[PDB]
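Each of two forms of one protein chain follows alone as structure tokens, named structure 1 and structure 2.
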Structure 1
């Protein structure tokens, strides 16, 4: 590879091939924050890697998730393989940069911006010559390297699916981040907009062009003695019985402004003063009802 070639011109200047120092590891308390910073990536990843491993066991290999600096966030897969890798210093919070351990998939994928496999004496350091490592980098909402998925196994055992396996998982985890956080945002913009309606003076109730309940706020819930949850999507006319004023206004699609009106909720009568508004659309006409608090 041209890629491996450059890796070596970088490594060669500053490090030899026969030497090996236990790679730097982040100490306990500060690994705490390192892990915490990636709740979201790690919890996507470990669901993904448990499943991978579930349908791969038995086999001798290890699965890593690393962050953008090649820190090992978590590891799973074959116990004995993990320990053999451990026996070379590969641990939770171990740093796997090229400068630390020479030319390897673990650092090289992130360096080059795409899935990369290194094996055997492609590795700069001799200590890794009977390994194969595959790793694929993942990016964030913006476009920033945010972590790696790697697979490690004794070199004689690498298969042609190993690389694409890490890329497939890198894609799941990567794409779930981006779209999970698009969800998050649009979910926050809901609570926000809901709390707005939670905060009116008026009770507000909306409903379908099929007469189903769409929205109701605490206020309107109390006034009409409905229970907010158990009310949703249920037909309004089976929810409460409606004044001829409403009926005719609904039927006639016609707004009512501050009209007085009497509702019946599961036997009880409620006097209210209401404005009613058609919400015209292709699917049909929805409604808001405002229950003004005298």
Structure 2
């Protein structure tokens, strides 16, 4: 492979094929910080990896999550395989950068930006010739490298499915970071909408295509004598009797602008009706302009 060869030409500068020493390994405090920085990605990755292990066990393999700097954050899988790798220097905190352990999927995934497998003597370091590694980089909410999913097994036990597995897990974890961020974005829009409702002069009531009140501000609650906090999520037809004008406009999905109307004891207001036309159906905002 030109990937492997090109990687060897980077290693040939500073490294020998037969050497192997004690790991470069994040330790005590500084590892606690890396761990904490990676919380969001880590917890998602650990659940996914535990699951992958369960539907796969028994088998001689190990699963790693690594951060963007190729530091091992978490390991799981076969106890004996995990011990064999621990003895080679792969623990929590061990850095697996190309400039340390040689050409290996553990780093080559992030360097190439894709799913990669290395086996046997593809590995720059002889210590690794008894091993296969599969790895896939994973990405942010915002598309930057955030870590790597890897699978390690004795070279003679490797399977055709190992690589697509790491890929599919990295993509699962990526997308899960994305859904966390969509929910935050939707929360920020709700902050906008709630702050507008609370501060504006108009009274407001809006309901769903199914008939349910989605929001009502203090102002509309006072005037239409509704319960300012148990009205929301309830049918608008259960909450108040709508004047004939509105009632017909509603039936037709037809806007009203600054129209006069009277509600039910009797209240006279100048309203606006604003239909919202969506694929799921029609919703309404009704505003009560302050006389």
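Rigid core here is just the name for the largest C-alpha set that superposes within 1.5 Å across the two forms. Positions refer to the first chain, counted from 1.
Asks: Considering the rigid-body rotation between structure 1 and structure 2, state which of 99, 189, 172, 259 is located at the hinge.
Replies: The hinge residue here is 189.
Asks: Quick check on the domain motion between structure 1 and structure 2: what's the rotation angle of the smaller rigid part, to the nearest degree?
Replies: Expressed in whole degrees, the smaller part rotates by 34 degrees between structure 1 and structure 2.
Asks: Give the rigid core superposed Cα shift of residue 178 between structure 1 and structure 2, in Å, rounded to one decimal.
Replies: That residue's C-alpha is offset by 1.5 Å.
Asks: Any chance you could measure the C-alpha shift of residue 233 between structure 1 and structure 2 with the core superposed, in Å?
Replies: Superposing on the rigid core gives a C-alpha shift of 2.6 Å for residue 233.
Asks: For residue 246, what C-alpha shift in Å results between structure 1 and structure 2 following superposition on the rigid core?
Replies: Looking at the C-alpha of residue 246 between structure 1 and structure 2, the offset is 12.6 Å.
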